[PDB]
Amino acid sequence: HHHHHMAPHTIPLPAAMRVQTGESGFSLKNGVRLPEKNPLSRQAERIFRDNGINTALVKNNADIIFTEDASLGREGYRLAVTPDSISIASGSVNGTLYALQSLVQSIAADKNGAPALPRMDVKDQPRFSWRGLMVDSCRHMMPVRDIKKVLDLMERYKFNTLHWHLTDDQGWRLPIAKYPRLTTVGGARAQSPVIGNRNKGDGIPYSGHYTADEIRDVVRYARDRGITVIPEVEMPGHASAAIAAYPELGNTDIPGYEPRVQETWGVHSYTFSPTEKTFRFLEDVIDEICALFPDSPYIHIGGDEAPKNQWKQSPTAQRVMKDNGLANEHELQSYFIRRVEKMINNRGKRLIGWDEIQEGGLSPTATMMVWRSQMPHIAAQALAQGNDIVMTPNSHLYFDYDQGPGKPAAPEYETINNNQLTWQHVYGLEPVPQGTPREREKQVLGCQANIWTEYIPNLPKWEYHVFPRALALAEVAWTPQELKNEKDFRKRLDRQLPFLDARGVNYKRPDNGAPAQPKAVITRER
């Protein structure tokens, strides 16, 4: 025609999309009619209204037709938009969610400036099955209402996994009924590093945990948005809060044994003891995790950054090594993780751990979360041994890292280091390691960014660290590698900003690097 609709601004870019911008589209000026009997209409209602489009549940002659096609699998979908109807095909609920998110990101102005959808056809499915973000609730804790805002944005960009880092040295947030001190004692630290002066303590206690009903509410809310919540309980390291709560779980026979919920960032030395009592405790904890996260295919057990010195100094640990023919403390760690894997497997789930779990021997059935990009042989060795991996490289996907220029100099915006990890860097990530045999590519489950919160006290700063980098990651995680194009991505990114502004998201502006919400308050108060 003479009027051409704008092309969709969907991120991630769909694998196959045919838009006839000149043809007559579907008018949204009077809202969308949804079939009142289909449960998917309630999700369409939510997503359309999130984007300023009115909806009505109707008895007959709805505007949207939902169809079932098992060949689209867990997450694939088709879209067909004509002036007469919007047809959405999926093999599961989550494919319909993704179709709906693509639809609202295809809304364009008609001749008269009213919202419309162009004549278009989409067939789409993700490259990777694991498309994740990790929330660190230990260093700072975010309330449920803020996690829910995160999960809404994760669904918009087709993330399907929330890795919930729930226990560490500076706080334990996971409610365990049988061991209430884990949260009443382990959920509280006496102070935190001063903002802008990290080598000094602020003298202000910081405490909290999620109640069991809050855990279950987050899991359900996520599930309704296509997202599986995977819990992490850290062991054998990053354990100071649990050991402070129950000092018998640590290496009590070492010189100068003084556990506490830690008040400082970095690596700490308090590790779980490798005793029968500790394994009984861990089995009880794993049992309650399975009750809180009954649909999670995995339990993440950490496994990262566990210093061996306390085990070296502990006669108890040395005797366990001799009992079990273990030559060194790396083999002791492998033994520890093997015993916990049995607990997880006996409850029908799979173990995942940080790539340090290959120390002393990588279990043939574990899944490895690869983060140490300075050691590229670890992922290669894990793949060659047949193990599944999830790529969370600190070269590309550690979103505690700084970004490009433009941030405020104020101490509130300080970060762990001065590495600049830009959204452009993220967009250039290719998750499959070079040289991976074609037949082993299916072992690369996907990728995920980790948002460590030492320097991220609350949601406005979290948003600054995560958006727009998470949009680049969403495309890496979903879109075929050969369709990535940074120039086109930037055009689609710019057209996302009005939606993000309407929610007041404090993203890092692509144009000048400044916060989108420069007056947002960044504070530890809750």
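Residue numbers run from 1 along the displayed sequence.
### Stretch with the greater mean C-alpha B-factor as recorded in the entry, comparing 338 to 346 against 112 to 120
Mean B over CA atoms: larger for 112 to 120.
### Message
Regarding 166 to 174 and 360 to 368, which shows the higher C-alpha temperature factor on average in the entry?
### Response
The stretch with the larger mean CA B-factor is 360 to 368.
### Query
Which one of 469, 484, 49, 495 shows the biggest C-alpha B-factor in the PDB entry?
Answer, based on the entry's C-alpha B-factors: 49.
### Query
From 295, 253, 146, 355, can you pick the one with the highest C-alpha B factor in the entry?
Of the candidates given, the C-alpha B-factor peaks at 253.
### Task
Select lowest, middle or highest to describe the third in which the CA B-factor of residue 132 falls within its chain in this entry.
Bottom third by C-alpha B-factor.
### Query
Ranked by Cα temperature factor within the chain, is residue 489 in the lowest third, the middle third or the highest third?
According to the entry, residue 489 has a C-alpha B-factor in the chain's middle third.
### Task
Please place residue 399 in the lowest, middle or highest third of its chain by C-alpha B factor as given in the entry.
Ranked within chain, residue 399 CA B lands in the lowest tercile.
### Query
Is the Cα B-factor recorded for residue 56 in the lowest, middle or highest third of its chain?
CA B-factor rank for residue 56: highest third.
### Query
C-alpha B factor of residue 333, ranked within the chain: lowest, middle or highest third?
Tercile = middle for this residue's CA B-factor.
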